[PDB]
Amino acid sequence: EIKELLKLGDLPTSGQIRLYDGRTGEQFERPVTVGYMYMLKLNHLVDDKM
Amino acid sequence: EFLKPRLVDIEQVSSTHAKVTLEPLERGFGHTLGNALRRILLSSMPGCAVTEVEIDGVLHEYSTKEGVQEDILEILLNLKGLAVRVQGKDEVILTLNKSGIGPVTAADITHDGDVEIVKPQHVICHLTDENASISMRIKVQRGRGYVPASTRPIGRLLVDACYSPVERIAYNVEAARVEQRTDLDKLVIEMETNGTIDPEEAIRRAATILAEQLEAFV
Amino acid sequence: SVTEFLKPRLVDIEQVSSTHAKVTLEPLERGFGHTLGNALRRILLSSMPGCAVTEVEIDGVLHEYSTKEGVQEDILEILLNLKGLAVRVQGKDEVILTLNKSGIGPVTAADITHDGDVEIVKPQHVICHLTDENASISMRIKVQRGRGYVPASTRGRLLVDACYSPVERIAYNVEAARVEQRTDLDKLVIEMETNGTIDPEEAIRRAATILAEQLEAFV
Amino acid sequence: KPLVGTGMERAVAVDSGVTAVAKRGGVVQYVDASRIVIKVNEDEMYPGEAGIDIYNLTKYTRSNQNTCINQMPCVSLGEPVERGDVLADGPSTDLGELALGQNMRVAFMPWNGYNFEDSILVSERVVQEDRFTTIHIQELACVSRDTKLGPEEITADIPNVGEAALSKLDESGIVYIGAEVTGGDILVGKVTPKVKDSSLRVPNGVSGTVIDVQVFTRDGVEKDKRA
Amino acid sequence: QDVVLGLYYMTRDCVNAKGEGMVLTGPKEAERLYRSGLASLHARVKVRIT
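As you go down the protein sequences, you meet chains Z, A, R, S and Y in turn. Okay, so the first sequence: first residue is 1194 according to the deposited numbering, each after it adds one. Taken in order, the second sequence gives residues 7 to 158, 167 to 232; the numbers are from the deposited numbering. Taken in order, the third sequence gives residues 4 to 158, 169 to 232; the numbers are from the deposited numbering. Taken in order, the fourth sequence gives residues 697 to 890, 913 to 945; the numbers are from the deposited numbering. Okay, so the fifth sequence: first residue is 504 according to the deposited numbering, each after it adds one.
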């Protein structure tokens, strides 16, 4: 079902797209896994730890 | 020798994003120029972001104003997202005065004829009841890069400065079968501005920055 | 006030034997070290004017995997030795040189016929060693002016990988620079070796000239 | 609003009391930042009292962990609501669904060692969009104790300091509401008899804006002008 | 963990890649070929090692 939902958009089934390096501009071989992850910010801040 | 590229076409698709073309290019120079220009454009482009706001009945950004459903912090975020082009000055103070029920958008700002709002539909806040009025002074100033309020009256609210007109830059190197000669490259640069920078001007500034940086050893 | 940037200057040029140098640039604007270094590196190792031995034909060798009596090395090793032969040519584009030698001892680059306007910068560059007296090495190396690196796989005559570009290895390393109060800056460090045809500083200046000429239609 | 949830976000957000769930359905009449008014439908209106609901939203206030509790309206004026619908979403809630973090475009690849063992690598776009920016509300107390050798006063007359340092205080020695005090600034001017400076000051390294000042006075102590 | 992954991927080989079997005059030419895109990182070639 994840593959089908990716195919509903214009996105590859494997979930990996070719990505270009920001600095040099050359393409990374071995297409990398890109997506959207729901990241959290825990209550352990460095300005409260330093 | 090396053929000199030149800006042959500017296909302005929409108001925000445009598509410029450079042709011709030798082998390898397509990617070199594309990446150099992309980094320059994403890094250093003049912008006219908002820096300070002053709502009359508001002391600090963590408060609320009667008749406005947005919190003052959300109003400051909406103003931080405001796209505006100033031409004859570096800093300017726009004035917003609006009363009555309805969305306070960017079109309600005093015109200030040398200052142009490029997205009049940009909603700034909402006024709920008829007897409510807001009056604010917005300091739009010219700058470069991203300058948070941490680096730079008790009624003045400072917003984070984000003077970068471009939002997304991509480039594609293709084969320009022209001039009765093959194996020549054409660089197509698709840029996504907020509307406050002309794409030809953006490319020209990006090339000027590279030329100025190359003067260190030539 | 938003137009002028921190234009750098060559604050350090520390070098080794004239085919090697290390040039530092500081303080560049944040992120400009990477774009300048990448552009210079690409232009230097991909598209630079230069001349190198293009293809060599031997008197009695008809295949790359062959043999020649009285020669310590093989055809592959003599091709490798000819590839690294630094050569400087005048306004003429391509030139063919003849190398004929007999006797026991190494065959250096100075053994090629001296007639012509072609200058060899490494006279003691060994090409081949022959062990006997009866056998004599005889070859014709055709050199040509080109635009960087063109391998022999990109199509009695043998093909040699042509390396026109004067550079051999180029690397850049963006470090952190410092100003009176600004911290997030860049410090470019180009480390360049050449084959001896041109100075490394000359190579950097030529690359800068090429990259600037590519932008004269915009600035 | 997690793109990939499990469907338990709404239950956790509603059952825990942080939102403003409508008690009786009706039509939204007035929405400002700190108050919602609902005109109840005639069908759900009890015979007698009329008969509309007022929800007083709790704006920026301190939690037990010095975070921010702040309810924001999620309904517009003249918008029908039914029984059990969220009217204001509190902290970490988006339209009545639990929303703790933010969903961001992630790529799995080594990057020059900056995510070497367990580290993250974050673009400047994340910090420019101010999406992981959090508000932390801190409470600082200055107490005047009936000590020996004399009591403690909360006046603005403090020695060993200049007038530029006391310019942020009012005539009663208490900082104004909205002053952008930083580490070392004097919040509450207080002196203790011997006189020596014992004023409440911001701890070093802490910045922020004074958003609310509360004064508690014992009975029969003649509260000052600011109180 | 990342250094070993990089060194494993770099020091490796595949049956057929860009520039298989070409003869290189040294490590510097190998780097110049890889960085210019004329040869794969893991391609079987003959180099001259001193």
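Where a beta carbon is used, it is the ideal one built from N, C-alpha and C, also for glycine.
Residue i burial status per 10 Å Cβ neighbour count (16 or more: buried)
i: A/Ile-223; result: buried
i: residue 897 of chain S; result: Coordinates for residue 897 of chain S are simply not present: the residues of chain S run from 890 and resume at 913.
i: A/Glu-76; result: buried
i: Y/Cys-517; result: exposed
i: S/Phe-812; result: exposed
i: residue 900 of chain S; result: Since chain S is numbered 890 and then 913, with no step between, residue 900 of chain S has no place in the structure shown.
i: A/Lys-71; result: buried
i: R/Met-205; result: buried
i: A/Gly-169; result: exposed
i: S/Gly-874; result: buried
i: S/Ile-816; result: exposed
i: Y/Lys-549; result: exposed
i: residue 165 of chain A; result: Any structural detail on residue 165 of chain A is unavailable, because chain A resumes at 167 straight after 158.
i: R/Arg-191; result: exposed
Simplified DSSP assignment, three categories, for residue i
i: S/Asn-799; result: strand
i: R/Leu-224; result: helix
i: A/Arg-219; result: helix
i: S/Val-727; result: strand
i: R/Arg-150; result: strand
i: A/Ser-139; result: strand
i: A/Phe-231; result: helix
i: Y/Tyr-512; result: helix
i: S/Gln-824; result: helix
i: S/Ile-831; result: coil
i: Z/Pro-1224; result: strand
i: R/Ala-24; result: strand
i: R/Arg-12; result: strand
i: R/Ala-184; result: strand
i: Z/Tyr-1229; result: strand
i: A/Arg-195; result: strand
i: S/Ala-860; result: helix
i: R/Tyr-177; result: coil
i: S/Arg-919; result: strand
i: A/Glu-17; result: strand
i: Z/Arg-1211; result: strand
Neighbour list for residue i in chain Y, Cβ cutoff strictly below 7 Å
i: R/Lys-86; result: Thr-528
Interface residues of chain A facing residue i [CB-CB closer than 9 Å]
i: R/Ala-225; result: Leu-224, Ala-225, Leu-228, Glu-229 and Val-232
i: S/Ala-861; result: Per Cβ cutoff of 9 Å: no residues; S/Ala-861 is ~16 Å from chain A at best.
i: S/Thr-830; result: Neighbours of S/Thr-830 on chain A: none; closest Cβ ~12 Å, over 9 Å.
Per-residue contacts from residue i into chain R (C-beta, under 7 Å)
i: A/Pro-52; result: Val-5
i: Y/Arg-551; result: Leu-83
Chain-ordered chain R contacts of residue i [CB-CB under 8 Å]
i: Z/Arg-1223; result: Those do not exist, as Z/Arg-1223 stays about 21 Å from chain R at its closest Cβ, beyond 8 Å.
i: Z/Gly-1218; result: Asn-41
Proximal residues of chain S, C-beta to C-beta of residue i below 9 Å
i: Y/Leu-510; result: Going along chain S, no residue has its Cβ under 9 Å from Y/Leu-510, so there is no contact; the nearest lies around 12 Å.
Contact set between residue i and chain Y, taken where Cβ atoms lie within less than 8 Å
i: S/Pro-806; result: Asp-505, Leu-508 and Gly-509
Per-residue contacts from residue i into chain R (C-beta, under 9 Å)
i: Y/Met-525; result: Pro-154, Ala-155, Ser-156 and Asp-174
heavy atom of the ligand FMN below 7 Å from residue i C-beta
i: R/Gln-194; result: Annotation note on the ligand FMN: not contained in the displayed structure, which lists no ligands.
Within chain C, the residues that residue i reaches when beta carbons sit closer than 7 Å
i: Y/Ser-539; result: The displayed structure is made up of protein chains Z, A, R, S and Y, and chain C is not among them.
Listed by chain order, chain A residues near residue i by CB distance under 7 Å
i: S/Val-714; result: Residues of chain A passing the Cβ test: none, with the nearest at roughly 16 Å.
i: R/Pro-126; result: Within 7 Å Cβ-Cβ: nothing; R/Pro-126 doesn't reach chain A, min ~31 Å.
i: S/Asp-826; result: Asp-174
Amino acids of chain S, ordered along the chain, whose beta-carbon sits closer than 7 Å to that of residue i
i: A/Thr-134; result: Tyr-726, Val-727, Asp-728 and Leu-773
Amino acids of chain Z, ordered along the chain, whose beta-carbon sits closer than 8 Å to that of residue i
i: S/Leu-699; result: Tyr-1229 and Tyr-1231
i: S/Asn-922; result: Per Cβ cutoff of 8 Å: no residues; S/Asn-922 is ~12 Å from chain Z at best.
i: S/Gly-797; result: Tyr-1231, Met-1232, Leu-1233 and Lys-1234
Within chain Z, partners of residue i - CB distance below 7 Å
i: S/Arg-821; result: The contacting residues do not exist; S/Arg-821 stays about 12 Å from chain Z at best.
i: S/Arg-706; result: Here the premise fails: no neighbours, minimum Cβ distance about 16 Å.
Please list the segments of the alpha helix (DSSP H) lying wholly inside the stretch 31–67 of chain A, counting only runs of 4 or more residues, in order along the chain.
If one requires a minimum length of 4 residues, the alpha helix (DSSP H) runs lying completely within the stretch 31–67 of chain A are 35–49, in chain order.
Pick out the complete beta strand (DSSP E) segments inside the stretch 59–111 of chain R, 3 residues or longer, and give them in chain order.
With a minimum length of 3 residues, the continuous beta strand (DSSP E) runs that stay inside the stretch 59–111 of chain R are 98–105 and 108–110.
Taking a Cβ distance cut-off of 7 Å, strictly less, list which residues of the stretch 752–784 of chain S are near chain Y, in chain order.
The stretch 752–784 of chain S vs chain Y, Cβ under 7 Å: nothing.
At a Cβ cut of 8 Å, what residues of the stretch 61–77 of chain A count as close to chain S, listed as they run along the chain?
Cβ contacts with chain S come from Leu-65, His-66, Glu-67, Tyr-68, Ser-69, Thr-70, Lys-71, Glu-72, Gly-73, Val-74, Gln-75, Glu-76 and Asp-77.
Curious, which full-length beta strand (DSSP E) runs of at least 3 residues does the stretch 745–816 of chain S contain?
Taking only runs of at least 3 residues, the beta strand (DSSP E) segments lying wholly in the stretch 745–816 of chain S are 748–752 and 798–804.
Please list the residues of the stretch 1195–1215 of chain Z that have a C-beta atom closer than 7 Å to any C-beta atom in chain S, keeping them in chain order.
Residues passing the 7 Å Cβ filter: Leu-1212.
Going along the chain, which residues of the stretch 21–39 of chain R sit with their C-beta nearer than 7 Å to a C-beta in chain Z?
Listed in sequence order: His-37.
Contact list for the stretch 865–877 of chain S against chain A, Cβ threshold 9 Å:
Considering only beta carbons, the part of the stretch 865–877 of chain S lying closer than 9 Å to chain A consists of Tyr-872, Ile-873, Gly-874, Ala-875 and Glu-876, in chain order.
Extract the residue ranges of the beta strand (DSSP E) inside the stretch 110–136 of chain R, only unbroken runs of 3 or more that lie entirely within it.
Correct list: 131–133.
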